[PDB]
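**Student:** The data below comprise the sequence and an experimental structure of the protein.
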Amino acid sequence: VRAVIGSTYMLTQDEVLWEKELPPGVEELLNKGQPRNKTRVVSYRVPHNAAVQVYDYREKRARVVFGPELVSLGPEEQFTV
Amino acid sequence: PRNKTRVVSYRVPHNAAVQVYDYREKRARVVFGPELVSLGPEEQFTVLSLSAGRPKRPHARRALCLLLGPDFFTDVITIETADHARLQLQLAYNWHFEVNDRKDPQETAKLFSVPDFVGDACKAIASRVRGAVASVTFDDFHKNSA
Amino acid sequence: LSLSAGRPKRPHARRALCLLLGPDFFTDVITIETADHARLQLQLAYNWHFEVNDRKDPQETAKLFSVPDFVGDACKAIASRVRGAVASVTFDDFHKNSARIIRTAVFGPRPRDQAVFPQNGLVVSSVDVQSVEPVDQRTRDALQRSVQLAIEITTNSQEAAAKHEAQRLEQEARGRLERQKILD
Amino acid sequence: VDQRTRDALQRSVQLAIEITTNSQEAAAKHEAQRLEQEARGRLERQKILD
């Protein structure tokens, strides 16, 4: 599974859309901070003077994103609640 | 319902640890921090049974992971002063697990040795406070309790 | 194994295929009596673990299972030491020193930091007193009057201190006024 | 074995608490008298300085 980001895309013969499930509390916090199309890349607009912690459970890479930024999650990344 | 044929996996929280034992390879492992822990055919999670609530009742919470990071648990204890005044004291204790080397098998297995760290620390500290205040009068205690 | 369980520690209440070895604690509720006959219900928790020197020694290891009920033996043994020590102590001396009296009674009189049971290698490392209470309400009512009298003592001490400063300020004003009349 | 013997011991318990209550009030009385005299002795001196 991989995130295809930034350009008009045609699914090659081997590919299908994959639905990203989120913990039962996270899906509401994305709407409060704004039905979700589960196949679209999950993104959050970080406020000014705030930080978000994300963990990549596949690449095993931790990241904290500061300030106003758009944070998008990879297939196995998750937000810290 | 869980598909029993799919590999069992758990997303370990940040500042937490999980203890797994391989009952076939006979290899013990503790997994720290944010990580995905998957179980082999005969591996099993260690299940903690912990004290919970304000009066701290035993076996009230169950967990697959030991939370390690700086946190606090509240406890309500009844104590008695030297002049017999009986006081209900509400406390909160800040706690964390100190780990010197996350690669040491013996230090790391030691974290899971006590079956209920919450219940033990609350029960231990309450007895020290009760023991000290029993030798102090209520007027001296009220002005110096902190 | 057939082991003792519950807060009053009844025998044969739990059965198990495995002896838990690691650091843990069992609670016990014991009734004791002081030198002046005050009868107290004392709640205790004892931290314990089995000390094993060599996990490959057949004799040291077989020794762990020799006692049929280690919980029942250790609770019964320690309760008798606490009851035996407190029977020689008055209720006032006991109330103010209970944590030290119990620690000394259990570990001993030779000072030590732990109690070892050599029959199976069980070690008790602490006694944490949870509470102490008179068994009869008529004994609690007598202590509740002592609390009221201790608060009245504290209230009187406050008024007496206020009275002494009022007299000091009154005299300090009066002495300056008496002088000023002579200067006028 | 007999309740009539336990009641006799329960009276000794009540008297031991009253003994402790009296011992407490007597100590408060002795400190009140010490402080009262310590105030009075300083006031008597201040009147002579005034």
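**Tutor:** That came through fine. Residues are numbered from 1 along each chain as shown, chains lettered A, B, ... in the order given.

**Student:** From now on I want contacts and neighbour counts done on CA atoms only, so please keep to that.
**Tutor:** Fine.

**Student:** Show me where the chain has its helices.
**Tutor:** Let's take chain A. Secondary structure of chain A (DSSP state H): helices at A:26-32.

**Student:** could you do chain B instead?
**Tutor:** According to DSSP H, the helices that chain B contains are B:105-110, B:117-133, B:138-144.

**Student:** what do you get for chain C?
**Tutor:** Using DSSP H, the helices of chain C run over C:58-63, C:70-86, C:91-107, C:137-183.

**Student:** Regarding residue B:137, what are the backbone dihedral angles?
**Tutor:** Main-chain torsions, residue B:137, degrees, to the nearest 10: phi -80, psi 160.

**Student:** For residue C:42, grab the count of nearby residues.
**Tutor:** 20 (other Cα atoms under 10 Å in any protein chain shown).

**Student:** any idea how far residue C:52 is from the closest residue to it other than its chain neighbours?
**Tutor:** With Cα to Cα, 6 or more residues apart in numbering or on different chains as the criterion, residue C:42 has its nearest non-adjacent residue at 4.7 Å, and that residue is residue C:132. Counting by Cα to Cα, to the nearest Å, the separation of residue C:132 from residue C:52 is 35 Å.

**Student:** Compare those two (neighbour count), which wins?
**Tutor:** residue C:132 (19 against 16).

**Student:** Report the separation between that one and residue B:130.
**Tutor:** Distance from residue C:132 to residue B:130, by Cα to Cα: 10 Å.

**Student:** likewise residue A:43?
**Tutor:** 53 Å.

**Student:** Next: residue C:13.
**Tutor:** To residue B:130, residue C:13 is 31 Å away according to Cα to Cα.

**Student:** Between the two, which is the more surrounded one?
**Tutor:** Regarding residue C:13 and residue B:130, a neighbour count based on other Cα under 10 Å identifies residue B:130 as having more, with 23 against 11.

**Student:** residues in contact with that one?
**Tutor:** B:78, B:79, B:80, C:130 (Cα atoms under 8 Å, 6 or more residues apart in numbering or on different chains).

**Student:** Show me the one of the helices of chain B that comes nearest residue C:155.
**Tutor:** helix B:138-144 (10.3 Å; Cα to Cα).

**Student:** Tell me the buried residues in the closest one?
**Tutor:** For helix B:138-144, burial by neighbour count (16 or more other Cα atoms under 10 Å in any protein chain shown) applies to residue B:138.

**Student:** same thing with stretch B:65-74?
**Tutor:** For stretch B:65-74, a neighbour-count test (16+ other Cα under 10 Å) marks B:65, B:66, B:67, B:68, B:73, B:74 as buried.

**Student:** And the residues you listed, which is closest to residue A:57?
**Tutor:** Residue A:57 has its nearest neighbour among these in residue B:65, at 16.7 Å by Cα to Cα.

**Student:** Show me what the closest one is bridged to.
**Tutor:** residue B:18 (DSSP bridges).

**Student:** mind listing what residue C:32 touches?
**Tutor:** C:39, C:40, C:41, C:42, C:82, C:83, C:86, C:87.

**Student:** Ok, residue B:84 next?
**Tutor:** Residue B:84 touches C:143, C:144, C:146, C:147, counting by Cα under 8 Å, 6+ apart.

**Student:** quick one: which of the residues you listed is most hemmed in?
**Tutor:** With neighbours defined as other Cα under 10 Å, the most crowded of those is residue C:146; it has 22 neighbours.

**Student:** wait, that residue sits on residue B:86?
**Tutor:** No: Residue C:146 is not in contact with residue B:86 according to Cα atoms under 8 Å; the separation is 11.4 Å.

**Student:** give me the residue from chain C nearest chain B.
**Tutor:** When scored by Cα to the nearest Cα, chain C has residue C:96 as its residue closest to chain B, at 4.7 Å.

**Student:** what's the spacing between the closest residue to that residue other than its chain neighbours and residue A:29?
**Tutor:** Counting by Cα to Cα, 6+ apart, the nearest residue to residue C:96 once its immediate chain neighbours are dropped is residue B:135, at 4.7 Å. Computed as Cα to Cα, the residue B:135 to residue A:29 distance reads 52 Å.

**Student:** So if I had to pick from those two, which one is more boxed in?
**Tutor:** In this view residue B:135 and residue A:29 are compared by other Cα under 10 Å, and residue B:135 has more residues nearby, 19 against 12.

**Student:** Next, the contact list for the more buried one, please.
**Tutor:** Residue B:135 makes contact with B:81, B:82, C:96, C:97, according to Cα under 8 Å, 6+ apart.

**Student:** rerun that using 10 Å as the cut-off
**Tutor:** Counting by Cα atoms under 10 Å, 6 or more residues apart in numbering or on different chains, residue B:135 touches B:80, B:81, B:82, B:83, B:141, C:93, C:95, C:96, C:97, C:98, C:99.

**Student:** Which ChimeraX command selects the buried ones in those?
**Tutor:** Entered in ChimeraX, the line below selects the buried ones among these, by 16+ other Cα under 10 Å:
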select /B:80,81,82,83 /C:95,96,97,98,99
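
**Student:** right, and the pair among the contacts of residue B:135 with maximum separation?
**Tutor:** Within the contacts of residue B:135, B:141 and C:93 form the most distant pair, 19.0 Å apart (Cα to Cα).

**Student:** Name the residue of chain B that lies nearest to chain D.
**Tutor:** Nearest residue of chain B to chain D (Cα to the nearest Cα) works out as residue B:83 at 8.7 Å.

**Student:** could you list every residue that touches residue 61?
**Tutor:** Just so you know, I chose chain A. A:54, A:55, A:77, B:34, B:35.

**Student:** That was the other one, I meant chain B.
**Tutor:** Per Cα under 10 Å, 6+ apart, neighbours of residue B:61: B:48, B:49, B:50, B:51, B:52, B:53.

**Student:** if you set the cut-off to 7 Å instead, what comes out?
**Tutor:** Contact analysis of residue B:61 by Cα atoms under 7 Å, 6 or more residues apart in numbering or on different chains lists B:49, B:50, B:51, B:52.

**Student:** what comes into contact with stretch C:141-157?
**Tutor:** Contacts of stretch C:141-157 (Cα under 7 Å, 6+ apart): B:83, B:84, B:85, D:17, D:21, D:28.

**Student:** Can you give me the buried ones in stretch C:46-62?
**Tutor:** Neighbour-count burial for stretch C:46-62, counted by 16+ other Cα under 10 Å, picks out C:46, C:47, C:48, C:49, C:50, C:51, C:52, C:61.

**Student:** Ok, stretch A:13-32 next?
**Tutor:** residue A:20.

**Student:** which residues are contacting that stretch?
**Tutor:** The contact list for stretch A:13-32 (Cα under 7 Å, 6+ apart) reads A:38, A:39, A:44, A:75.

**Student:** JSON lines for the residues you listed, including distance to chain D and neighbour count?
**Tutor:** Shown next, in JSON lines, are these (distance: Cα to the nearest Cα, whole Å; neighbours: other Cα atoms under 10 Å in any protein chain shown):
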{"residue": "A:38", "distance to chain D": "74", "neighbour count": "13"}
{"residue": "A:39", "distance to chain D": "77", "neighbour count": "14"}
{"residue": "A:44", "distance to chain D": "69", "neighbour count": "17"}
{"residue": "A:75", "distance to chain D": "73", "neighbour count": "19"}
